[PDB]
Structure formats: C-alpha cells, structure tokens
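Visitor: Here you go, one structure.
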Amino acid sequence: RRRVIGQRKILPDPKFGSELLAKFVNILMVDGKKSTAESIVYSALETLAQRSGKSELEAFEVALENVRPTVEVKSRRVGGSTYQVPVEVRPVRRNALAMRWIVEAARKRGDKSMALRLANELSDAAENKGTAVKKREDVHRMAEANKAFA
Amino acid sequence: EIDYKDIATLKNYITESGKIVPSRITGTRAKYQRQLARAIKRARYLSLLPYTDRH
Amino acid sequence: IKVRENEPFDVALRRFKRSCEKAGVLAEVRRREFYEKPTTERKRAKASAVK
Amino acid sequence: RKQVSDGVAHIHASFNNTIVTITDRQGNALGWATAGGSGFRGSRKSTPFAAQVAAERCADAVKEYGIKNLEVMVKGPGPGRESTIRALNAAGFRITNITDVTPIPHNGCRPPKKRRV
RNA sequence: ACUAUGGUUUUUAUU
RNA sequence: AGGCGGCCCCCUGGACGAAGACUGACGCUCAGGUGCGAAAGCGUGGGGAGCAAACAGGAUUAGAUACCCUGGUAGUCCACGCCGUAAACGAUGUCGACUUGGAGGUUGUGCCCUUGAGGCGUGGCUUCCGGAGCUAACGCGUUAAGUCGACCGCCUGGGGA
C-alpha cells in the first residue's frame, strides 16, 4: 500500500532491429534457462516457413497485429460482491499483452513440441477458435455485452 | 385579497404549472400569502387558473 | 414533488450526495420515510450538510 | 406505405426493465422493444446498455412510414431513460421535444413499504 | 461502497 | 390530552390587545365520581378500488409454519355502541408568586407624514444562549429541573411476578 516503483527501459537488438527480442526472451522463460529461450525464440517460423510472408526479420512481430488486444478484465471486490470490468489496454502494456497472448498454446495443447503448437496456433490467428483462445476471445464478450461503464 | 375576476394580478404568485409560490420568495409573508391562496384556489375551481399539471 | 425543465441536460450536475433521479438511488430506501420522522432526524442531527 | 415524417415515442425505465414504444400523435403504436426482451436478466435487465440495444432494435421500425421528426414522452426512474433517446436520435431520427410524464399520486393513500432483507 | 443468506465454540487457579 | 393540513355551506368551543369602567375575593386544588380514546379488537348492518394480520401457491433455507414474490380472509372506510391502553415526549402533577442580560420569530395595541415588514414604547404566544440557584452527570435556566405559598396522587433492592 505504500511501496512505489516503475518499469525498466530496454533497448532494440543490434541484429533484429526490434524491441520484441529484448523482452520476449524473458517470456515463456523458466528455471533461469535463457539459453533454452534463445533456442526456441521464433523457432515456429521454420514450421511456418511456407506461411511466413516477406522478411523473416519481422515475420513474428507482424503476428501481434492479428493478436490485436483491445481490453483486459480486472476483477475486485467492493463490500461482499466481486465485480468484473473490461478496460481498454494501456499505451505500452497493449504490446505486453499481445506478447503474452501469443504463447498461450506453446505447451497446453496436444500437438507436441513448442514450435508445432505455436505454428498451428499462429495459423488460427485470424478467427481465433477451439482450444487455447479462451483468454483472448472470452475477454471480448464482456466488452460487447456491456458498453456503459464507470 | 379574495376575488377571481382578475388573474393578471394572481399570475405573479404562481408558476407555469399553476403551483403557488412560497411566501419567502415573493415578500408576501404568511398572512397575505394565505389570502392570495384563497383567491387562487377559487379561480382554480372556476377553471380560470390551472389546477393540475402533467406536461 | 417533481422537477420541471424544457429539456434534460446532457449531465447530472450533482453538488449534493445520495440524490435521486438521473441514474441514482437504484431500488433503495424502499421502507417508509414517515410524516414526522424527517423532523426527528432534524432534531437528532443539525449540521449533517457539512460532514 | 406513404411517408408522413412525424411520430412520438413513449419510454419507461424501471430498476428491473426498460420499455420503448413508437407511436403517431393519433395514439397509434407502430412498434416496440424492451430490455428484458433484449435477452437480459436480474440486476442487468435494467442497465443503460440493455436499454441501448432495445433502442437500436426499435430504431429499425417505421421505415416505410418515413418518420424522422420525434417527440419523446418519458417515465420511470431507471437509468434506461437516457441511453434510449441518445441512440434513437442517432439512428436517423431528430428530437424536437422531451417531456417527463411520470404519473404520480399527489398525495395518497398510504406510503409504500416493500422488500426488507 | 451493498454479495443472496446461516447457527454454535466446556471449565478453572496472580493469591 | 387522544388529536387537527381536499374544498365548500351551516353551527359552535377555548385563547389575545389597548384604554376606559363595574363588580369585589366571585380565586385555587381535590380520594371517590364524570366526560374525553391513536391503533388493534369486539356489538350490528352497509361498504370494501387499494393496503393487508389468518393463510394458500411459489421461492429462500439445515429447516421456513418468518424475512422474499403472486394472491387473499378478517380489519382498515361510515353510522351507532363497547374497550380507556402507550417510548402518553415539551418524559418532569394542578394553580400562582419571584430573579441579571442579549438577539431572533409571530401577532395585537399605542405612538412615529409608518408617506420603512420598519422603528420606539408595551401585552399574549414562541425560539436560542445565559447570570443566580439546582443536578452523580447529561441538562433545566423567566414557557426553570431554581427560590417560595395552597392542594392531591405515586414509590420503597433484583428475580419469583
């Protein structure tokens, strides 16, 4: 209730020209295994090599334009009642949410291997259907069933 | 003080809805206010002033 | 008692709290308010407007 | 079948529901929508948005009668008495008059008391 | 701020 | 005092002032008794939209004979008769004297070209401090819980009751 902090500023990679590689290697990272992270980083662009489009330098960051986060749901309690609100995503954190939603299927699906799960889910990217899409699609229901908040 | 045959003098103590205005506003004070209320309530029942309002 | 206005303003303009109308006091105070009890509340509190 | 330009709406908003009826000033109804009939339940059935979608469903009426000029007669305390007008006045119609027509006992016969929980 | 709601916790030792 | 706020027409109770005057203790209180009753209930007929004790149906829940939703009988309205009850509230018996100061509300009367809802005397009602006094303490304080003069009720540790 009184500790006040901020955010750490990060630089674009000298090879990849993007700020995505500066943060995305810390996402899906576990047990301090950052060399495993540097070994699965965009490794689905080989399982998607026939569906990658022009320039593999941007061929993963273009997917965030189809991950397209719009709202995040917060749930808190006032008195006895727990309530839920869909709020619009914030000007820098909108990119962090896209970076979180893009790895929802990376283990929690039957396809085997991270790269194949991710390439299959990056090919469901336009419609967003079936498994691993709950946190992406069902958050939007709350913002289309209600447009009168304070 | 009591008569209904002039409404041009009574209009000052009422609203557009025909409601009687309280004496603290009009400088009438309670005694003369209670007289003007009788002239208005007579003019009401003779359909010379509005009684009820809906619009 | 009811308010009169040629058109409702696009905002509620609330200076005072617990005020009815215009999306306020929703399914509340459904008990009896009483004829003399409002004066008993004016005996029991005399500076309620400035808390 | 013929365009007559003119109509009058009757809106009622409560703490449970909202009703929107479109009429001619000859008293004649031409279409109606409700916030319950919008598919809403409970503490949500009265909401400004459940009423907003009922107004969008009602704003599809009277197209062949060619109505554009609108008066609105409003009732009830519910939050639905505002979003309904805003949305209808955006759906091709133009407001000319808004008046509150809530029917009131002034004053009798014994004060209401209900639901203690 | 107000969840739609629940009844009941053996006894005894600073004199 | 219970109580009185749709309006009308008839009828009628008690209260207030100036100055002048008449009568003259005609003034006060009071066991028993009398008259007066909000609501509920009851005698009896009529009414009965609505509100709703009984209760049914539904729902809630451990249960739900209650709180919640839909009804619904008595009762609530009238005339007339009973029942005298209370957190009866300005809690403090009835009537009356006495005491320092201020400000406000209301309304008479007498006075001021009122040539001012305003003033200066002066009564009735009323509202808030507050001096003296009282009170564990809050609080009363000229409409006293103070100080005196008359009359009459009520009280005597909790529980059982």
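FYI, nothing fancy with the structure tokens labels: chains A, B, ... in order, residues from 1 per chain, ligands from 1 as they appear.
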What lies within 6 Å of stretch 60-66 of chain D using only C-alpha atoms (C1' of nucleotides), ignoring chain neighbours under 5 positions off, as a PyMOL selection string?

Guide: chain D and resi 1-5

Visitor: Using only C-alpha atoms (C1' of nucleotides), what table do you get, as a Markdown table, when you list each residue of chain F with an atom no more than 9 Å from chain D, its nearest pair of atoms, and their distance in Å rounded to one decimal, rows by chain then rising number?

Guide:
```
| residue | atom | partner | partner_atom | distance |
| --- | --- | --- | --- | --- |
| F:50 | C1' | D:109 | CA | 8.0 |
| F:51 | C1' | D:110 | CA | 7.5 |
| F:67 | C1' | D:117 | CA | 6.4 |
| F:68 | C1' | D:115 | CA | 6.9 |
```

Visitor: May I have the selected residues written with N, CA, C and O atoms (P, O5', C5', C4', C3', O3' and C1' of nucleotides), as a PDB file, in the first residue's frame?

Guide:
```
ATOM      1  P     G F  50     -57.851  -3.571  -6.098  1.00  0.00           P
ATOM      2  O5'   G F  50     -56.958  -2.632  -5.183  1.00  0.00           O
ATOM      3  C5'   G F  50     -56.057  -1.686  -5.721  1.00  0.00           C
ATOM      4  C4'   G F  50     -55.501  -0.782  -4.627  1.00  0.00           C
ATOM      5  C3'   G F  50     -54.642  -1.500  -3.585  1.00  0.00           C
ATOM      6  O3'   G F  50     -53.297  -1.603  -3.961  1.00  0.00           O
ATOM      7  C1'   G F  50     -56.215  -0.099  -2.565  1.00  0.00           C
ATOM      8  P     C F  51     -52.358  -2.697  -3.305  1.00  0.00           P
ATOM      9  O5'   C F  51     -52.325  -2.380  -1.771  1.00  0.00           O
ATOM     10  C5'   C F  51     -51.459  -1.407  -1.212  1.00  0.00           C
ATOM     11  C4'   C F  51     -51.605  -1.383   0.292  1.00  0.00           C
ATOM     12  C3'   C F  51     -51.319  -2.740   0.927  1.00  0.00           C
ATOM     13  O3'   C F  51     -49.956  -3.089   0.975  1.00  0.00           O
ATOM     14  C1'   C F  51     -53.203  -1.747   1.883  1.00  0.00           C
ATOM     15  P     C F  67     -43.052 -12.513   6.753  1.00  0.00           P
ATOM     16  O5'   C F  67     -41.534 -12.144   6.526  1.00  0.00           O
ATOM     17  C5'   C F  67     -40.883 -11.077   7.203  1.00  0.00           C
ATOM     18  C4'   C F  67     -39.437 -10.942   6.768  1.00  0.00           C
ATOM     19  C3'   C F  67     -39.239 -10.744   5.270  1.00  0.00           C
ATOM     20  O3'   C F  67     -39.403  -9.417   4.773  1.00  0.00           O
ATOM     21  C1'   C F  67     -37.744 -12.372   6.176  1.00  0.00           C
ATOM     22  P     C F  68     -40.214  -9.141   3.425  1.00  0.00           P
ATOM     23  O5'   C F  68     -39.550 -10.046   2.335  1.00  0.00           O
ATOM     24  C5'   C F  68     -38.347  -9.692   1.711  1.00  0.00           C
ATOM     25  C4'   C F  68     -38.213 -10.448   0.407  1.00  0.00           C
ATOM     26  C3'   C F  68     -39.455 -10.400  -0.492  1.00  0.00           C
ATOM     27  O3'   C F  68     -39.592  -9.193  -1.232  1.00  0.00           O
ATOM     28  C1'   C F  68     -38.585 -12.607  -0.346  1.00  0.00           C
TER      29        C F  68
END
```

Visitor: Find the residues of chain E in contact range of chain D, meaning any atom within 12 Å when counting only C-alpha atoms (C1' of nucleotides), and list them as a PyMOL selection string.

Guide: chain E and resi 2+4-5

Visitor: Near chain C, which residues of chain B fall within 12 Å when you count only C-alpha atoms, and what do they look like as a PDB file with N, CA and C atoms, in the first residue's frame?

Guide:
```
ATOM      1  N   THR B  15     -46.522  29.675 -10.760  1.00  0.00           N
ATOM      2  CA  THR B  15     -45.645  29.126 -11.773  1.00  0.00           C
ATOM      3  C   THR B  15     -46.364  28.877 -13.108  1.00  0.00           C
ATOM      4  N   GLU B  16     -45.630  28.450 -14.112  1.00  0.00           N
ATOM      5  CA  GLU B  16     -46.175  27.947 -15.379  1.00  0.00           C
ATOM      6  C   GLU B  16     -47.092  26.725 -15.155  1.00  0.00           C
ATOM      7  N   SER B  17     -46.763  25.864 -14.179  1.00  0.00           N
ATOM      8  CA  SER B  17     -47.549  24.693 -13.751  1.00  0.00           C
ATOM      9  C   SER B  17     -48.726  25.016 -12.855  1.00  0.00           C
ATOM     10  N   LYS B  19     -48.678  26.114  -9.831  1.00  0.00           N
ATOM     11  CA  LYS B  19     -48.346  25.913  -8.414  1.00  0.00           C
ATOM     12  C   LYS B  19     -48.207  27.262  -7.723  1.00  0.00           C
ATOM     13  N   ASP B  53     -51.064  19.768 -13.234  1.00  0.00           N
ATOM     14  CA  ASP B  53     -50.178  19.814 -14.372  1.00  0.00           C
ATOM     15  C   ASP B  53     -49.452  18.490 -14.621  1.00  0.00           C
ATOM     16  N   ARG B  54     -49.444  18.067 -15.875  1.00  0.00           N
ATOM     17  CA  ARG B  54     -48.850  16.827 -16.353  1.00  0.00           C
ATOM     18  C   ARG B  54     -47.734  17.037 -17.357  1.00  0.00           C
ATOM     19  N   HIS B  55     -47.765  18.074 -18.199  1.00  0.00           N
ATOM     20  CA  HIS B  55     -46.786  18.326 -19.251  1.00  0.00           C
ATOM     21  C   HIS B  55     -45.751  19.433 -18.960  1.00  0.00           C
TER      22      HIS B  55
END
```

Visitor: For residue E:3, please output as a list in words all residues within 8 Å (counting only C-alpha atoms (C1' of nucleotides); exclusion window: fewer than 2 positions along the same chain).

Guide: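 Near neighbours after the sequence-gap exclusion: residues 79, 80, 81 and 82 of chain A.
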
Visitor: Please indicate the distance in Å from atom CA of residue D:9 to atom CA of residue C:11, rounded to one decimal place.

Guide: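 Taking atom CA of residue D:9 and atom CA of residue C:11, their separation equals 21.9 Å.
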
Visitor: Quote the spacing between atom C1' of residue F:12 and atom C1' of residue F:108 in Å to one decimal place.

Guide: 24.4 Å

Visitor: Tell me, as an MDAnalysis selection string, which residues lie within 12 Å of residue C:8, counting only C-alpha atoms (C1' of nucleotides); anything in the same chain fewer than 5 positions away does not count.

Guide: (chainID C and resid 3 13 21:22) or (chainID D and resid 72 74 81:82 85:86 97:100)
